[PDB]
Amino acid sequence: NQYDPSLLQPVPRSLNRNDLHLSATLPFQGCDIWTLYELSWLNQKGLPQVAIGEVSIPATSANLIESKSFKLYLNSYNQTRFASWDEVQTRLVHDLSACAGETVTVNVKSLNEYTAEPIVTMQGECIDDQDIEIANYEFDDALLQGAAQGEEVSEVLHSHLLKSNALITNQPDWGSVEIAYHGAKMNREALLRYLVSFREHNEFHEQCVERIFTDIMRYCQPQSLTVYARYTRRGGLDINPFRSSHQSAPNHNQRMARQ
Amino acid sequence: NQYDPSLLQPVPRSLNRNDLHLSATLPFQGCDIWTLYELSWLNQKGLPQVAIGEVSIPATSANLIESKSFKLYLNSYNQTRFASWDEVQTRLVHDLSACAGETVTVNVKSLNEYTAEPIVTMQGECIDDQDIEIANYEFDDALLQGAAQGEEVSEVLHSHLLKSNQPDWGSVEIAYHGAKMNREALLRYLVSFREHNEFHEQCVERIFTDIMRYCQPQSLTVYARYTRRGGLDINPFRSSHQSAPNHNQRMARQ
Ligand SMILES: Nc1nc2[nH]cnc2c(=O)[nH]1
């Protein structure tokens, strides 16, 4: 019914990081960018307000925020009066920061900030148009074995074919992913097979991006690497994890066709 | 599970129209436009394909399609191999038309068709920025009693404050010619959908029939655009005189 920060449920980043054989000292930096498409509350006189929230959670935070719990938390604003949009911003930053364990950035944007904003696609070369046969759908990181044997390049690749399954109901998540790197040129077929092999994998979006980054790192050994995925929303919220050897945030945050 | 048209759930439109007490002949025409943001399947060689679908269901169809069922039906494509994009489009038309009871149109578009496409707002004047107090969110059609007493005008009004109890969210565009409508009454009435249950198509038909009966405009269009639930959205359009909106461009929350 009313505003309730206890609805937020953290999940520690360490669970999956330990599974990736990472140390406490991360091989990447970055953030999880969230879009809150249904943020709504009442003003001081009870008249509903609507906005889109843009949130960034540092990748160094102890916890990620579980997405269903984030949805239920936001729903608790819907019948609650707040003094001003600034109060809503302040409450979001306080609660989300406490749950994540590190200061989170929050922008609460009016809907008119999006009028005539264009849908974007990703940068560089799309690798999806390949005339190849897929014979099974089991996850296989060894699809990247020997995948980076070309000359030294800097380039940006992307795919729209990322899909994994949510941990419990096997309901699908959908994403596009952009991979920018400097290192030995990557075999496009290997990279595309590797990404397609997530199609029945169960992991959070943040975990998926970390696994792609660490698997490219270990098998392809680029000198620099950035992996940025943009997923379609679930429960009115989307996640867009960014992980980079050198960059701390993406220099653009614009929605894709399916988002 | 793979392709399964039995997952689709039709709901007779008469089920909820009965409670509107309509004449024998429908007082509106129009359509329900759906956007399918998560449409994906496998090609013949097993490589995933992704697309966005656009569906228009005539408001005269015997049935609407229940949204959860529509989502589960579309998910059944995800691990199914199809020979071509044209086959996918063809089966969508066939299955959704059989469900609705009337021919539906379906476009299956590659993601590239959306690059640079705009996010849009609605036409006319937004009525949401009022200095009024609302405290009682109960549904109350009587809020429209005597709402249209102004001189004869043509105008278009919109609100982003539709919410219909998990919550669903929409914006709604009302174009009319008739006695000028009191914007406070209209906003209170729309906000009163808040706590209250009905399908999105049902809310648009209730808004149309209530405006028709309380305000008596000579002509009227009511068009709502709801945010997606489960990867697809619905955009019901009802009018005394027009058949459809001019495009299906998405709004900021969609
Ligand atoms: N943060 C987060 N929470 C989830 N809950 C279900 N899936 C996810 C996910 O990918 N990320």
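Residue numbers begin at 1 in each chain, while the letters A, B, ... track the order of the sequences.
- When the candidates A/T35, A/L72, A/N75, A/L39 are compared by the number of heavy-atom contacts under 4.5 Å with chain B, A/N75 comes out ahead.
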Exercise for the section: Please test B/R183 against B/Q130 for side chain to side chain donor-acceptor pair (under 3.5 Å), starting from the C-alpha separation and ending with a verdict. Expected result: CA-CA 9 Å; B/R183 291 177 192 198; B/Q130 291 182 48; over 6 Å; no
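- The aromatic rings of A/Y73 and A/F70 sit tilted relative to each other, their planes meeting at an angle between 30° and 60°.
- Side-chain atoms of A/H201 and A/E203 include a donor-acceptor pair closer than 3.5 Å.
- Looking at B/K71, the atoms closer than 4.5 Å to chain A (heavy atoms on both sides) all sit in the side chain, from C-beta outward.
- Not a single donor-acceptor pair under 3.5 Å links the side chain of B/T90 to the backbone N or O of B/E87.
- Ranked by heavy-atom pairs shorter than 4.5 Å toward chain B, the options A/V196, A/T115, A/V50, A/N78 are led by A/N78.
- Between chain A and the options B/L187, B/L47, B/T121, heavy-atom pairs under 4.5 Å are most frequent for B/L47.
- Ionic pairing of A/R81 and B/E133 is present here: one or more N-O contacts between side-chain nitrogen and carboxylate oxygen are shorter than 4.0 angstrom.
- In this structure, chain A has a heavy atom under 4.5 Å from the backbone of B/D128, while its side chain stays farther away.
- The candidate with the highest count of non-hydrogen atom pairs below 4.5 Å against chain B, out of A/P118, A/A51, A/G236, A/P48, is A/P48.
- Top candidate by heavy-atom pairs under 4.5 Å with chain B, chosen from A/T232, A/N170, A/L161, is A/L161.
- Using a 4.5 Å cut-off between heavy atoms, B/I52 touches chain A through its side chain atoms alone.
- Heavy atoms closer than 4.5 Å to chain B are found in the side chain of A/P172, but not in its backbone.
- Most heavy-atom pairs under 4.5 Å with chain B, from the set A/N43, A/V120, A/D131: that is A/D131.
- Stacking of B/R91 on the aromatic ring of B/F82 is not recorded, the 6.0 Å distance cut-off and the 45° axial limit not both being met.
- For a residue to count as touching a neighbouring chain, one of its non-hydrogen atoms must lie under 4.5 Å from one of that chain's; by this rule B/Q254 touches chain A with the backbone only.
- Heavy atoms closer than 4.5 Å to chain A are found in the side chain of B/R250, but not in its backbone.
- Of all the heavy atoms in A/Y137 and A/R199, the pair that sits closest is CD2-CD, 4.2 Å.
- Within the 4.5 angstrom heavy-atom criterion, no atom of B/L36 approaches chain A.
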Exercise for the section: Starting from the C-alpha separation in whole Å, work towards a yes-or-no answer on side chain to side chain donor-acceptor pair (under 3.5 Å) for A/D238 and A/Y37. Expected result: CA-CA 8 Å; A/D238 68 34; A/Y37 290 97; 2.7 Å; yes
Practice task
Could you give me the CA-CA distance, side-chain angles and deciding distance for A/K185 and A/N187, then say whether side chain to side chain donor-acceptor pair (under 3.5 Å) is met?
Solution key: CA-CA 7 Å; A/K185 191 169 178 179; A/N187 181 280; over 6 Å; no
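- A salt bridge does not link B/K163 to A/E38: none of the charged nitrogens lies less than 4.0 Å from a carboxylate oxygen.
- When B/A135, B/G230, B/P167 are compared by the number of non-hydrogen pairs under 4.5 Å with chain A, B/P167 comes out ahead.
- Chosen from A/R233, A/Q79, A/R234, A/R258, the residue pairing most often with chain B at heavy-atom distances under 4.5 Å is A/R233.
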